[PDB]
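> So I pulled this structure from the PDB, and the sequence comes with it:
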Amino acid sequence: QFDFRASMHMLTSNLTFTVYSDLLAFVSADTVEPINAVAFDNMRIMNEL
Amino acid sequence: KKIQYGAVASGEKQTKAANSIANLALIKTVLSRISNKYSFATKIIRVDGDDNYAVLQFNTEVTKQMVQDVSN
């Protein structure tokens, strides 16, 4: 039987989101000058003349 | 008819090596006025008479808005 007073339900959610997908489209990276580029140690790669 | 014409035409001797100087001095002045709106690093400029190209390398990725507003 369809009871109207016992079948009402209060559905709760949020008001406002803003959903993003591509997160690395916000950063803006850049390389240092390639003659001064350091390896895992302190010294630079391709240093010997 | 005798028409005044103070400009540069072909058929001279220097017109293959002095037209290539006037391009590399004109496209160097335009790429210095466009760098007030963007930040790049000019990789190559190559001139052949009056047809040339220049490869600009940007910081962030190139989008559809940075192509329409560099051309303008």
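Thanks, I have it. Numbers count the residues shown, from 1 in each chain, chains lettered A, B, ... in the order given.
> show me the contacts for whatever residue of chain A ends up closest to chain B.
The nearest approach of chain A to chain B comes at residue A:28, 4.0 Å away (Cβ to the nearest Cβ). Placement of C-beta: from N, CA and C, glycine included. Counting by Cβ atoms under 8 Å, 6 or more residues apart in numbering or on different chains, residue A:28 touches B:59-60.
> Residue B:60 versus that one, what's the distance?
Residue A:28 is 4 Å from residue B:60, where distance means Cβ to Cβ, to the nearest Å.
> beta partners of residue B:41?
Beta-bridge pairing of residue B:41 under DSSP bridges involves residue B:57.
> Quick one: classify the residue in chain B positioned nearest to chain A as helix, strand or coil.
Across chain B, the shortest distance to chain A (Cβ to the nearest Cβ) belongs to residue B:60, at 4.0 Å. Under DSSP: H, G, I helix; E, B strand; the rest coil, the three-state class of residue B:60 is coil.
> Just read off the phi/psi values of it.
The phi/psi pair for residue B:60 (degrees, to the nearest 10) reads phi -80, psi 180.
> Could you do residue B:21 as well?
In this entry, residue B:21 is assigned phi and psi values of phi -80, psi -40 (degrees, to the nearest 10).
> where does chain B come near chain A, residue by residue?
Within chain B, the positions near chain A by Cβ under 8 Å from any Cβ of the partner chain are B:59-61.
> Any chance of those in JSON lines with neighbour count as columns?
Listed next are the residues of chain B next to chain A as JSON lines, based on neighbours: other Cβ atoms under 10 Å in any protein chain shown:
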{"residue": "B:59", "neighbour count": "12"}
{"residue": "B:60", "neighbour count": "13"}
{"residue": "B:61", "neighbour count": "11"}
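> what's the neighbour count on residue B:40?
15 (other Cβ atoms under 10 Å in any protein chain shown).
> Thought residue B:60 was touching it, still the case?
No: between residue B:40 and residue B:60 there is no contact under Cβ atoms under 8 Å: 10.7 Å.
> sec struct for residue A:18, please.
Per three-state DSSP, residue A:18 ends up coil.
> distance of it from residue B:27?
42 Å.
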